[PDB]
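A.B. asks: Got run_23.cif for you, mmCIF, C-alpha atoms and all ligand atoms:
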data_protein
#
loop_
_atom_site.group_PDB
_atom_site.id
_atom_site.type_symbol
_atom_site.label_atom_id
_atom_site.label_comp_id
_atom_site.auth_asym_id
_atom_site.auth_seq_id
_atom_site.Cartn_x
_atom_site.Cartn_y
_atom_site.Cartn_z
ATOM 1 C CA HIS A 4 -3.131 140.324 200.005
ATOM 2 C CA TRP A 5 -3.709 143.000 197.449
ATOM 3 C CA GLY A 6 -3.599 146.720 197.974
ATOM 4 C CA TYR A 7 -2.205 149.963 196.575
ATOM 5 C CA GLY A 8 1.404 149.812 197.781
ATOM 6 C CA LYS A 9 4.665 149.247 195.943
ATOM 7 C CA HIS A 10 4.678 145.519 196.596
ATOM 8 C CA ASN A 11 0.980 144.651 196.302
ATOM 9 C CA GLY A 12 -0.491 147.389 194.108
ATOM 10 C CA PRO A 13 -2.285 147.332 190.743
ATOM 11 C CA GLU A 14 0.792 146.252 188.744
ATOM 12 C CA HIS A 15 0.805 143.042 190.845
ATOM 13 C CA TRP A 16 -2.909 142.165 190.727
ATOM 14 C CA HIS A 17 -2.724 139.993 187.596
ATOM 15 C CA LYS A 18 -0.755 137.309 189.472
ATOM 16 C CA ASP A 19 -3.789 136.495 191.635
ATOM 17 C CA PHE A 20 -6.481 137.853 189.265
ATOM 18 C CA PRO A 21 -5.402 137.120 185.686
ATOM 19 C CA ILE A 22 -8.481 138.908 184.289
ATOM 20 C CA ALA A 23 -6.533 142.085 185.157
ATOM 21 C CA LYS A 24 -5.102 141.784 181.628
ATOM 22 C CA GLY A 25 -8.532 141.142 180.097
ATOM 23 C CA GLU A 26 -10.396 142.727 177.196
ATOM 24 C CA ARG A 27 -12.835 145.024 179.094
ATOM 25 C CA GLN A 28 -10.955 146.325 182.138
ATOM 26 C CA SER A 29 -11.613 149.621 183.926
ATOM 27 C CA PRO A 30 -10.917 152.444 184.425
ATOM 28 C CA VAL A 31 -10.090 154.023 181.053
ATOM 29 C CA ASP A 32 -9.198 157.437 179.742
ATOM 30 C CA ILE A 33 -12.185 159.110 178.111
ATOM 31 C CA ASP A 34 -10.938 160.812 174.919
ATOM 32 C CA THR A 35 -13.665 163.422 174.405
ATOM 33 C CA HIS A 36 -12.924 163.835 170.707
ATOM 34 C CA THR A 37 -13.247 160.131 169.877
ATOM 35 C CA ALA A 38 -16.269 159.432 172.078
ATOM 36 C CA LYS A 39 -19.300 158.808 169.874
ATOM 37 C CA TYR A 40 -22.529 160.730 170.373
ATOM 38 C CA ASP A 41 -25.330 158.150 170.348
ATOM 39 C CA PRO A 42 -28.847 159.587 169.850
ATOM 40 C CA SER A 43 -30.491 156.292 170.789
ATOM 41 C CA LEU A 44 -29.284 156.646 174.413
ATOM 42 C CA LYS A 45 -31.971 157.651 176.835
ATOM 43 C CA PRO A 46 -31.780 159.904 179.807
ATOM 44 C CA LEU A 47 -30.757 158.307 183.071
ATOM 45 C CA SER A 48 -33.512 157.632 185.519
ATOM 46 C CA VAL A 49 -32.247 157.935 189.112
ATOM 47 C CA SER A 50 -34.922 157.144 191.734
ATOM 48 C CA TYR A 51 -33.325 157.571 195.177
ATOM 49 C CA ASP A 52 -36.172 159.185 197.169
ATOM 50 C CA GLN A 53 -36.880 155.915 199.056
ATOM 51 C CA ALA A 54 -33.225 155.027 199.732
ATOM 52 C CA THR A 55 -32.446 153.336 203.082
ATOM 53 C CA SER A 56 -28.807 153.629 204.112
ATOM 54 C CA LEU A 57 -27.597 151.188 206.754
ATOM 55 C CA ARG A 58 -23.917 151.288 207.705
ATOM 56 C CA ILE A 59 -20.655 153.047 206.948
ATOM 57 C CA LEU A 60 -17.508 151.025 207.020
ATOM 58 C CA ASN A 61 -13.755 151.027 206.460
ATOM 59 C CA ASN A 62 -12.893 147.871 204.526
ATOM 60 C CA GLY A 63 -9.137 148.455 204.403
ATOM 61 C CA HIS A 64 -9.037 149.868 200.893
ATOM 62 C CA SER A 65 -11.807 152.504 200.901
ATOM 63 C CA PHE A 66 -14.859 153.400 202.944
ATOM 64 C CA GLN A 67 -18.371 152.381 201.839
ATOM 65 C CA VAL A 68 -21.913 153.343 202.742
ATOM 66 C CA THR A 69 -24.294 150.380 202.362
ATOM 67 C CA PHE A 70 -28.011 150.385 201.555
ATOM 68 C CA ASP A 71 -30.974 148.057 201.964
ATOM 69 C CA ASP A 72 -31.261 146.312 198.584
ATOM 70 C CA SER A 73 -33.974 143.800 199.563
ATOM 71 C CA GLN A 74 -36.615 145.783 197.602
ATOM 72 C CA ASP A 75 -36.753 148.327 194.759
ATOM 73 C CA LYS A 76 -36.176 151.369 196.981
ATOM 74 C CA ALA A 77 -33.245 153.136 195.303
ATOM 75 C CA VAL A 78 -32.947 152.164 191.649
ATOM 76 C CA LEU A 79 -31.187 153.208 188.469
ATOM 77 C CA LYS A 80 -32.972 152.745 185.139
ATOM 78 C CA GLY A 81 -32.709 154.146 181.627
ATOM 79 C CA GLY A 82 -29.532 155.385 180.034
ATOM 80 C CA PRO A 83 -27.843 152.442 178.272
ATOM 81 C CA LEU A 84 -29.441 149.940 180.654
ATOM 82 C CA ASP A 85 -32.087 147.276 180.202
ATOM 83 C CA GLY A 86 -33.984 146.673 183.332
ATOM 84 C CA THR A 87 -33.839 147.784 186.899
ATOM 85 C CA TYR A 88 -30.655 148.073 188.944
ATOM 86 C CA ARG A 89 -30.715 148.453 192.768
ATOM 87 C CA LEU A 90 -28.291 150.625 194.711
ATOM 88 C CA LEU A 91 -26.083 148.497 197.001
ATOM 89 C CA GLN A 92 -23.277 150.779 198.155
ATOM 90 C CA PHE A 93 -21.250 153.816 197.343
ATOM 91 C CA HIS A 94 -17.572 154.469 198.013
ATOM 92 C CA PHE A 95 -14.774 156.781 196.897
ATOM 93 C CA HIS A 96 -11.274 156.733 195.411
ATOM 94 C CA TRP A 97 -8.974 159.675 196.176
ATOM 95 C CA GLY A 98 -5.411 160.927 196.018
ATOM 96 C CA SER A 99 -2.646 162.244 198.217
ATOM 97 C CA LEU A 100 -2.646 165.533 196.223
ATOM 98 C CA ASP A 101 -5.478 167.447 194.561
ATOM 99 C CA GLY A 102 -4.221 166.628 191.046
ATOM 100 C CA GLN A 103 -4.723 162.885 191.339
ATOM 101 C CA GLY A 104 -7.240 160.509 192.817
ATOM 102 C CA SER A 105 -9.829 159.698 190.179
ATOM 103 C CA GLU A 106 -9.763 156.401 188.341
ATOM 104 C CA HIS A 107 -11.305 157.524 185.084
ATOM 105 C CA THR A 108 -9.610 160.432 183.367
ATOM 106 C CA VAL A 109 -10.973 162.861 180.787
ATOM 107 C CA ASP A 110 -8.485 163.776 178.045
ATOM 108 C CA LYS A 111 -5.861 162.570 180.507
ATOM 109 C CA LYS A 112 -7.065 164.986 183.165
ATOM 110 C CA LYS A 113 -7.178 163.488 186.675
ATOM 111 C CA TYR A 114 -9.651 164.709 189.271
ATOM 112 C CA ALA A 115 -9.097 164.808 193.025
ATOM 113 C CA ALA A 116 -11.466 161.919 193.736
ATOM 114 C CA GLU A 117 -14.147 159.749 192.187
ATOM 115 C CA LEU A 118 -17.446 158.614 193.678
ATOM 116 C CA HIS A 119 -18.817 155.214 192.619
ATOM 117 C CA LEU A 120 -22.471 154.295 193.189
ATOM 118 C CA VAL A 121 -22.701 150.523 192.670
ATOM 119 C CA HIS A 122 -25.979 148.974 191.427
ATOM 120 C CA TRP A 123 -26.924 145.411 190.466
ATOM 121 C CA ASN A 124 -29.383 144.018 187.941
ATOM 122 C CA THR A 125 -32.455 142.614 189.734
ATOM 123 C CA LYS A 127 -33.064 140.014 187.018
ATOM 124 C CA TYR A 128 -30.206 137.992 188.561
ATOM 125 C CA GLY A 129 -31.740 137.866 192.066
ATOM 126 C CA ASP A 130 -28.701 138.651 194.201
ATOM 127 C CA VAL A 131 -25.504 140.596 193.656
ATOM 128 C CA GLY A 132 -23.324 137.474 193.773
ATOM 129 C CA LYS A 133 -25.082 136.122 190.700
ATOM 130 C CA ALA A 134 -24.925 139.505 189.001
ATOM 131 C CA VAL A 135 -21.135 139.709 189.154
ATOM 132 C CA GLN A 136 -20.980 136.600 186.933
ATOM 133 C CA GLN A 137 -22.956 138.265 184.117
ATOM 134 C CA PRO A 138 -21.737 140.732 181.465
ATOM 135 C CA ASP A 139 -24.652 143.082 182.300
ATOM 136 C CA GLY A 140 -24.826 142.371 186.024
ATOM 137 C CA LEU A 141 -23.698 145.696 187.513
ATOM 138 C CA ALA A 142 -24.024 149.388 186.707
ATOM 139 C CA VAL A 143 -21.687 151.824 188.397
ATOM 140 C CA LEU A 144 -22.405 155.539 188.297
ATOM 141 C CA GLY A 145 -19.131 157.468 188.441
ATOM 142 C CA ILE A 146 -18.936 161.097 189.562
ATOM 143 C CA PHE A 147 -15.763 163.207 189.573
ATOM 144 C CA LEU A 148 -14.864 165.429 192.527
ATOM 145 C CA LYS A 149 -12.941 168.654 192.033
ATOM 146 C CA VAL A 150 -11.656 170.864 194.827
ATOM 147 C CA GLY A 151 -13.477 174.167 195.244
ATOM 148 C CA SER A 152 -16.642 175.038 197.149
ATOM 149 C CA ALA A 153 -17.908 172.652 199.819
ATOM 150 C CA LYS A 154 -20.598 170.099 199.029
ATOM 151 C CA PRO A 155 -23.205 170.398 201.821
ATOM 152 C CA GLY A 156 -24.648 166.937 201.121
ATOM 153 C CA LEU A 157 -21.255 165.321 201.730
ATOM 154 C CA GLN A 158 -20.588 166.865 205.145
ATOM 155 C CA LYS A 159 -22.390 164.216 207.127
ATOM 156 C CA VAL A 160 -20.198 161.507 205.600
ATOM 157 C CA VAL A 161 -17.139 163.635 206.418
ATOM 158 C CA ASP A 162 -18.230 164.130 210.029
ATOM 159 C CA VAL A 163 -18.436 160.393 210.810
ATOM 160 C CA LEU A 164 -15.070 159.322 209.317
ATOM 161 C CA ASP A 165 -13.314 159.733 212.688
ATOM 162 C CA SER A 166 -15.383 156.796 213.918
ATOM 163 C CA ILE A 167 -14.202 154.448 211.142
ATOM 164 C CA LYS A 168 -10.540 155.474 210.960
ATOM 165 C CA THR A 169 -9.060 151.958 210.758
ATOM 166 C CA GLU A 170 -9.851 148.857 208.742
ATOM 167 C CA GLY A 171 -12.750 146.772 210.017
ATOM 168 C CA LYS A 172 -14.489 149.644 211.829
ATOM 169 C CA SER A 173 -18.146 150.242 211.009
ATOM 170 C CA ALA A 174 -20.872 152.518 212.330
ATOM 171 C CA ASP A 175 -24.610 152.940 211.967
ATOM 172 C CA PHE A 176 -25.296 155.418 209.172
ATOM 173 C CA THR A 177 -29.017 155.807 208.689
ATOM 174 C CA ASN A 178 -31.203 158.310 206.874
ATOM 175 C CA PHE A 179 -28.496 159.462 204.472
ATOM 176 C CA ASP A 180 -29.876 160.841 201.201
ATOM 177 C CA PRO A 181 -27.549 160.087 198.252
ATOM 178 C CA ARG A 182 -29.346 162.640 196.082
ATOM 179 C CA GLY A 183 -27.163 165.281 197.751
ATOM 180 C CA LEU A 184 -24.082 163.868 195.990
ATOM 181 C CA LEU A 185 -25.376 164.361 192.416
ATOM 182 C CA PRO A 186 -24.386 167.148 190.025
ATOM 183 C CA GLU A 187 -27.059 169.253 188.352
ATOM 184 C CA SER A 188 -26.729 167.574 184.924
ATOM 185 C CA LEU A 189 -27.004 163.843 184.245
ATOM 186 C CA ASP A 190 -25.230 163.902 180.869
ATOM 187 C CA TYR A 191 -22.881 160.925 180.703
ATOM 188 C CA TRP A 192 -20.404 158.731 178.895
ATOM 189 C CA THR A 193 -20.890 154.992 178.944
ATOM 190 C CA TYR A 194 -18.799 151.941 178.124
ATOM 191 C CA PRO A 195 -18.633 148.221 179.054
ATOM 192 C CA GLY A 196 -15.998 147.556 181.712
ATOM 193 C CA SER A 197 -15.038 145.881 184.980
ATOM 194 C CA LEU A 198 -14.741 146.303 188.716
ATOM 195 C CA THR A 199 -11.632 148.346 189.443
ATOM 196 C CA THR A 200 -10.729 146.282 192.527
ATOM 197 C CA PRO A 201 -10.285 142.512 192.781
ATOM 198 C CA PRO A 202 -11.882 140.337 191.574
ATOM 199 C CA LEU A 203 -11.869 142.765 188.584
ATOM 200 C CA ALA A 204 -14.894 140.977 187.124
ATOM 201 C CA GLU A 205 -15.953 142.107 183.653
ATOM 202 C CA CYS A 206 -19.566 142.657 184.647
ATOM 203 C CA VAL A 207 -20.018 146.454 184.743
ATOM 204 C CA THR A 208 -21.825 148.932 182.537
ATOM 205 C CA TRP A 209 -20.029 152.163 183.405
ATOM 206 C CA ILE A 210 -21.954 155.435 183.406
ATOM 207 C CA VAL A 211 -19.552 158.339 184.030
ATOM 208 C CA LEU A 212 -21.131 161.743 184.528
ATOM 209 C CA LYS A 213 -19.691 164.692 182.606
ATOM 210 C CA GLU A 214 -20.275 167.297 185.322
ATOM 211 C CA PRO A 215 -18.030 167.034 188.398
ATOM 212 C CA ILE A 216 -19.172 167.981 191.868
ATOM 213 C CA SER A 217 -17.128 170.416 193.928
ATOM 214 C CA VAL A 218 -15.906 169.573 197.450
ATOM 215 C CA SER A 219 -13.867 171.757 199.738
ATOM 216 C CA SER A 220 -10.222 171.299 200.629
ATOM 217 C CA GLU A 221 -11.261 170.599 204.236
ATOM 218 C CA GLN A 222 -13.685 167.886 203.083
ATOM 219 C CA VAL A 223 -11.139 165.943 200.998
ATOM 220 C CA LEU A 224 -8.518 166.460 203.707
ATOM 221 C CA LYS A 225 -10.607 164.311 206.012
ATOM 222 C CA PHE A 226 -10.624 161.439 203.476
ATOM 223 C CA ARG A 227 -6.829 161.494 203.584
ATOM 224 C CA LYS A 228 -6.843 160.967 207.368
ATOM 225 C CA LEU A 229 -8.309 157.458 207.128
ATOM 226 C CA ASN A 230 -5.959 154.511 207.652
ATOM 227 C CA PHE A 231 -5.286 151.404 205.581
ATOM 228 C CA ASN A 232 -4.112 149.680 208.781
ATOM 229 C CA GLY A 233 -6.197 148.214 211.565
ATOM 230 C CA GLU A 234 -6.396 149.559 215.095
ATOM 231 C CA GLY A 235 -3.274 149.023 217.160
ATOM 232 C CA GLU A 236 -1.086 148.756 214.036
ATOM 233 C CA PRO A 237 1.386 151.356 212.721
ATOM 234 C CA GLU A 238 -0.391 154.188 210.927
ATOM 235 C CA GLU A 239 -0.537 154.072 207.122
ATOM 236 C CA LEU A 240 -2.644 156.797 205.550
ATOM 237 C CA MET A 241 -5.390 155.719 203.151
ATOM 238 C CA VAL A 242 -4.491 157.749 200.068
ATOM 239 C CA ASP A 243 -4.079 156.992 196.366
ATOM 240 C CA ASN A 244 -6.521 154.087 196.360
ATOM 241 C CA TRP A 245 -7.064 154.348 192.602
ATOM 242 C CA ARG A 246 -6.279 152.016 189.732
ATOM 243 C CA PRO A 247 -4.545 153.557 186.684
ATOM 244 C CA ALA A 248 -6.292 153.673 183.313
ATOM 245 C CA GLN A 249 -6.322 150.427 181.328
ATOM 246 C CA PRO A 250 -6.191 149.799 177.557
ATOM 247 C CA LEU A 251 -9.462 150.497 175.787
ATOM 248 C CA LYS A 252 -8.875 147.634 173.296
ATOM 249 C CA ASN A 253 -11.950 146.982 171.101
ATOM 250 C CA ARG A 254 -14.447 149.178 172.901
ATOM 251 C CA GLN A 255 -16.110 152.459 172.017
ATOM 252 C CA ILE A 256 -17.129 155.057 174.571
ATOM 253 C CA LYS A 257 -20.573 156.517 173.836
ATOM 254 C CA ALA A 258 -21.740 159.966 174.918
ATOM 255 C CA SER A 259 -25.312 161.026 175.715
ATOM 256 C CA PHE A 260 -24.614 164.551 174.633
ATOM 257 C CA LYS A 261 -23.004 166.750 171.971
HETATM 258 N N1 LIG A 301 -20.507 145.460 195.668
HETATM 259 S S1 LIG A 301 -20.029 144.749 194.192
HETATM 260 O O1 LIG A 301 -19.025 145.609 193.552
HETATM 261 O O2 LIG A 301 -21.122 144.758 193.216
HETATM 262 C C1 LIG A 301 -19.334 143.095 194.514
HETATM 263 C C2 LIG A 301 -20.012 141.869 194.463
HETATM 264 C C3 LIG A 301 -19.319 140.680 194.754
HETATM 265 N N2 LIG A 301 -19.960 139.356 194.703
HETATM 266 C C4 LIG A 301 -19.562 137.918 194.765
HETATM 267 O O3 LIG A 301 -20.495 137.208 194.649
HETATM 268 N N3 LIG A 301 -18.347 137.075 194.928
HETATM 269 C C5 LIG A 301 -16.890 137.150 195.139
HETATM 270 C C6 LIG A 301 -15.993 137.552 194.155
HETATM 271 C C7 LIG A 301 -14.628 137.593 194.428
HETATM 272 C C8 LIG A 301 -14.119 137.226 195.663
HETATM 273 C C9 LIG A 301 -12.603 137.274 195.936
HETATM 274 F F1 LIG A 301 -11.972 136.344 195.160
HETATM 275 F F2 LIG A 301 -12.087 138.505 195.639
HETATM 276 F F3 LIG A 301 -12.357 137.011 197.255
HETATM 277 C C10 LIG A 301 -15.011 136.806 196.641
HETATM 278 C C11 LIG A 301 -16.378 136.767 196.375
HETATM 279 C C12 LIG A 301 -17.992 140.780 195.079
HETATM 280 O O4 LIG A 301 -17.305 139.642 195.378
HETATM 281 C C13 LIG A 301 -17.316 141.972 195.137
HETATM 282 N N4 LIG A 301 -15.904 142.016 195.508
HETATM 283 O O5 LIG A 301 -15.378 143.052 195.669
HETATM 284 O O6 LIG A 301 -15.147 140.849 195.710
HETATM 285 C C14 LIG A 301 -17.999 143.123 194.834
HETATM 286 N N1 LIG A 302 -14.305 150.419 192.246
HETATM 287 S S1 LIG A 302 -15.418 149.185 192.369
HETATM 288 O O1 LIG A 302 -15.076 148.163 191.381
HETATM 289 O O2 LIG A 302 -16.771 149.634 192.061
HETATM 290 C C1 LIG A 302 -15.288 148.541 194.057
HETATM 291 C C2 LIG A 302 -15.799 147.304 194.407
HETATM 292 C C3 LIG A 302 -15.650 146.911 195.729
HETATM 293 N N2 LIG A 302 -16.096 145.647 196.233
HETATM 294 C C4 LIG A 302 -17.362 145.450 196.885
HETATM 295 O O3 LIG A 302 -18.148 146.327 197.006
HETATM 296 N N3 LIG A 302 -17.557 144.101 197.376
HETATM 297 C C5 LIG A 302 -18.744 143.550 197.990
HETATM 298 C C6 LIG A 302 -19.788 144.320 198.478
HETATM 299 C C7 LIG A 302 -20.895 143.674 199.016
HETATM 300 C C8 LIG A 302 -20.949 142.285 199.042
HETATM 301 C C9 LIG A 302 -22.151 141.559 199.636
HETATM 302 F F1 LIG A 302 -22.708 142.338 200.608
HETATM 303 F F2 LIG A 302 -23.066 141.317 198.656
HETATM 304 F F3 LIG A 302 -21.742 140.365 200.158
HETATM 305 C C10 LIG A 302 -19.911 141.528 198.538
HETATM 306 C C11 LIG A 302 -18.814 142.167 198.004
HETATM 307 C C12 LIG A 302 -15.014 147.693 196.663
HETATM 308 O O4 LIG A 302 -14.903 147.202 197.973
HETATM 309 C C13 LIG A 302 -14.516 148.920 196.295
HETATM 310 N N4 LIG A 302 -13.864 149.769 197.258
HETATM 311 O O5 LIG A 302 -13.056 150.541 196.891
HETATM 312 O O6 LIG A 302 -14.232 149.688 198.605
HETATM 313 C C14 LIG A 302 -14.647 149.349 194.989
HETATM 314 ZN ZN ZN A 303 -14.806 152.196 192.936
#
Could you quickly redo this structure as structure tokens?
Ligand SMILES: NS(=O)(=O)c1cc(NC(=O)Nc2ccc(C(F)(F)F)cc2)c(O)c([N+](=O)[O-])c1
Ligand SMILES: NS(=O)(=O)c1cc(NC(=O)Nc2ccc(C(F)(F)F)cc2)c(O)c([N+](=O)[O-])c1
Ligand SMILES: [Zn+2]

C.D. replies:
Amino acid sequence: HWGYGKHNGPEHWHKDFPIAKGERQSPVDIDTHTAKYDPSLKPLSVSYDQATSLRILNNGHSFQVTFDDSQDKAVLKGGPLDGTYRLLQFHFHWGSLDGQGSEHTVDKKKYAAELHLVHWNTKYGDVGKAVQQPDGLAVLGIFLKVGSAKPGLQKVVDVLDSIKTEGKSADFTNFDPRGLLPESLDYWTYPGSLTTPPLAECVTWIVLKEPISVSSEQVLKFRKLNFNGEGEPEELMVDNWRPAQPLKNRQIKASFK
């Protein structure tokens, strides 16, 4: 199946997932001079104090931390969104070198990694229904640059040895995702898609302007994960990012001047 290699990477995905060539695909390059300030946008409302993390897992293309989404415990509201969206999981995309790894770019600048917090619209009842709707998901995207360490990330870093290969999972309770947020919640937003198969065009993207800083030692440990399963030849999990897609007839809106 699909992946990020020469023979099964993003340039191949359209053969199995023809929506890869669709009209609202992600990621995109954010041109800061053509983004449109929109004064009708509201501040984001991030309510994560009651979040219940469950598991951390290596799914063969990234690693994810999952949350209990059976109640309104960790929700995203406001911004460009109508309604309440529940946090389901977060995961990262990263590079083999510090100058690549993010999926979105800003004036063509690539960051070392990108954090995606995936939320789904509770009006649709479960996440499987939400992925079939044009407003079903909201993904909060946060850029990572290399610099000072991020203390709130260290406990994710320290458990990655236990999920090195695809299919491994571990208990990962009492993790507070508020420690992954930058100080400012100013954002760009646009209508887009999942950046992995099935590439469904169901996502309101909210990309934060302010990156978080992580240390070289922290991102190094991402690069030690494996795409392969246990007992298979080692293949390092790096460069699990999709390149920017055509913007087509979309406008990126900014919440700030
Ligand atoms: N956590 S999420 O981003 O919001 C998210 C939600 C769903 N929900 C589905 O109901 N169905 C589905 C879609 C495609 C496949 C297929 F065809 F890929 F196998 C299989 C099943 C999902 O599939 C994925 N996903 O990644 O597939 C991600
Ligand atoms: N970049 S992205 O478009 O946001 C993105 C989406 C997915 N897919 C899912 O999360 N699938 C999924 C999650 C839960 C269910 C459940 F539990 F509902 F069945 C069903 C399906 C993903 O694995 C990654 N990734 O890199 O790991 C990135
Ligand atoms: Zn992602």

A.B. asks: Show which residues sit within 12 Å of residue 176 of chain A, as a list in words. Count all atoms listed in the file, and ignore same-chain residues fewer than 6 positions away.

C.D. replies: residues 55, 56, 57, 58, 59, 60, 67, 68, 69, 70, 71, 159, 160, 161, 162, 163, 164, 166 and 167 of chain A

A.B. asks: Counting all atoms listed in the file, note down every residue that has an atom within 8 Å of the point (-35.4, 158.0, 181.3) (file coordinates), as a PyMOL selection string.

C.D. replies: chain A and resi 45-48+80-82

A.B. asks: Please evaluate the PyMOL selection byres (((chain A and resi 153) around 6) and not hetatm) against the structure above and give the resulting residues as a VMD selection string.

C.D. replies: chain A and resid 152 154 218 to 219

A.B. asks: Please give me, as a list in words, the residues lying within 8 Å of ligand LIG 301 (chain A) when counting only C-alpha atoms and all ligand atoms.

C.D. replies: residues 91, 92, 121, 122, 123, 131, 132, 133, 134, 135, 136, 141, 198, 200, 201, 202, 203 and 204 of chain A

A.B. asks: List the residues selected by the PyMOL selection byres (((chain A and resi 6-10) around 12) and not hetatm) in the file shown, writing them as a short mmCIF file (atom, residue, chain, number, x, y, z; two decimals) with C-alpha atoms, in the coordinates of the input.

C.D. replies:
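The result, stored in result_25.cif:
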data_model
loop_
_atom_site.label_atom_id
_atom_site.label_comp_id
_atom_site.auth_asym_id
_atom_site.auth_seq_id
_atom_site.Cartn_x
_atom_site.Cartn_y
_atom_site.Cartn_z
CA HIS A 4 -3.13 140.32 200.00
CA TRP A 5 -3.71 143.00 197.45
CA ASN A 11 0.98 144.65 196.30
CA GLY A 12 -0.49 147.39 194.11
CA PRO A 13 -2.28 147.33 190.74
CA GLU A 14 0.79 146.25 188.74
CA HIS A 15 0.80 143.04 190.84
CA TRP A 16 -2.91 142.16 190.73
CA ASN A 62 -12.89 147.87 204.53
CA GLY A 63 -9.14 148.46 204.40
CA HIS A 64 -9.04 149.87 200.89
CA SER A 65 -11.81 152.50 200.90
CA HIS A 96 -11.27 156.73 195.41
CA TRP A 97 -8.97 159.68 196.18
CA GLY A 98 -5.41 160.93 196.02
CA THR A 199 -11.63 148.35 189.44
CA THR A 200 -10.73 146.28 192.53
CA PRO A 201 -10.28 142.51 192.78
CA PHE A 231 -5.29 151.40 205.58
CA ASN A 232 -4.11 149.68 208.78
CA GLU A 239 -0.54 154.07 207.12
CA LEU A 240 -2.64 156.80 205.55
CA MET A 241 -5.39 155.72 203.15
CA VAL A 242 -4.49 157.75 200.07
CA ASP A 243 -4.08 156.99 196.37
CA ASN A 244 -6.52 154.09 196.36
CA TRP A 245 -7.06 154.35 192.60
CA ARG A 246 -6.28 152.02 189.73
CA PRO A 247 -4.54 153.56 186.68
#

A.B. asks: With distances taken over all atoms listed in the file, which residue among A:157, A:109, A:207, A:184 lies nearest ligand ZN 303 (chain A)?

C.D. replies: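 Counting all atoms listed in the file, the residue closest to ligand ZN 303 (chain A) is A:207.
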
A.B. asks: Got a sec to resolve the PyMOL selection byres (((chain A and resi 100) around 10) and not hetatm) on this structure and send the residues as a ChimeraX atom specification?

C.D. replies: /A:97-99,101-104,114-116,223-224,227,242-243

A.B. asks: Kindly save the residues from that selection, with C-alpha atoms included, as a PDB file, in the coordinates of the input.

C.D. replies:
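Ended up saving to again_14.pdb:
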ATOM      1  CA  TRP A  97      -8.974 159.675 196.176  1.00  0.00           C
ATOM      2  CA  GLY A  98      -5.411 160.927 196.018  1.00  0.00           C
ATOM      3  CA  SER A  99      -2.646 162.244 198.217  1.00  0.00           C
ATOM      4  CA  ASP A 101      -5.478 167.447 194.561  1.00  0.00           C
ATOM      5  CA  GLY A 102      -4.221 166.628 191.046  1.00  0.00           C
ATOM      6  CA  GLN A 103      -4.723 162.885 191.339  1.00  0.00           C
ATOM      7  CA  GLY A 104      -7.240 160.509 192.817  1.00  0.00           C
ATOM      8  CA  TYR A 114      -9.651 164.709 189.271  1.00  0.00           C
ATOM      9  CA  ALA A 115      -9.097 164.808 193.025  1.00  0.00           C
ATOM     10  CA  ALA A 116     -11.466 161.919 193.736  1.00  0.00           C
ATOM     11  CA  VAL A 223     -11.139 165.943 200.998  1.00  0.00           C
ATOM     12  CA  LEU A 224      -8.518 166.460 203.707  1.00  0.00           C
ATOM     13  CA  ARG A 227      -6.829 161.494 203.584  1.00  0.00           C
ATOM     14  CA  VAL A 242      -4.491 157.749 200.068  1.00  0.00           C
ATOM     15  CA  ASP A 243      -4.079 156.992 196.366  1.00  0.00           C
TER      16      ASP A 243
END

A.B. asks: So that all listed atoms of ligand LIG 302 (chain A) fit with 8 Å spare on each side, what axis-aligned box centre and edge lengths in Å, to one decimal, would you give as lines of an AutoDock Vina configuration file?

C.D. replies:
center_x = -18.1
center_y = 145.5
center_z = 196.0
size_x = 26.0
size_y = 26.2
size_z = 25.2

A.B. asks: May I have the residues at most 6 Å from (-19.1, 165.9, 192.0) in the file's coordinates, counting all atoms listed in the file, as a CSV table (one decimal) with C-alpha atoms, keeping the file's coordinate frame?

C.D. replies:
chain,number,residue,atom,x,y,z
A,146,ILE,CA,-18.9,161.1,189.6
A,147,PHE,CA,-15.8,163.2,189.6
A,148,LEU,CA,-14.9,165.4,192.5
A,186,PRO,CA,-24.4,167.1,190.0
A,215,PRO,CA,-18.0,167.0,188.4
A,216,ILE,CA,-19.2,168.0,191.9
A,217,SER,CA,-17.1,170.4,193.9

A.B. asks: Which residue out of A:38, A:143, A:77, A:120 has the minimum interatomic distance to residue 206 of chain A when all atoms listed in the file are used?

C.D. replies: A:143

A.B. asks: Please determine, counting only C-alpha atoms, which residue among A:214, A:221, A:41, A:139 has the shortest atom-to-atom distance to residue 158 of chain A.

C.D. replies: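 Residue with the minimum atom-to-atom distance to residue 158 of chain A: A:221.
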
A.B. asks: Nearest to ligand LIG 302 (chain A) among A:105, A:74, A:197, A:230, with distances taken over only C-alpha atoms and all ligand atoms: which residue is it?

C.D. replies: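 Residue with the minimum atom-to-atom distance to ligand LIG 302 (chain A): A:197.
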
A.B. asks: Between atom CA of residue 84 of chain A and atom CA of residue 39 of chain A, what is the distance, to one decimal in Å?

C.D. replies: 17.3 Å
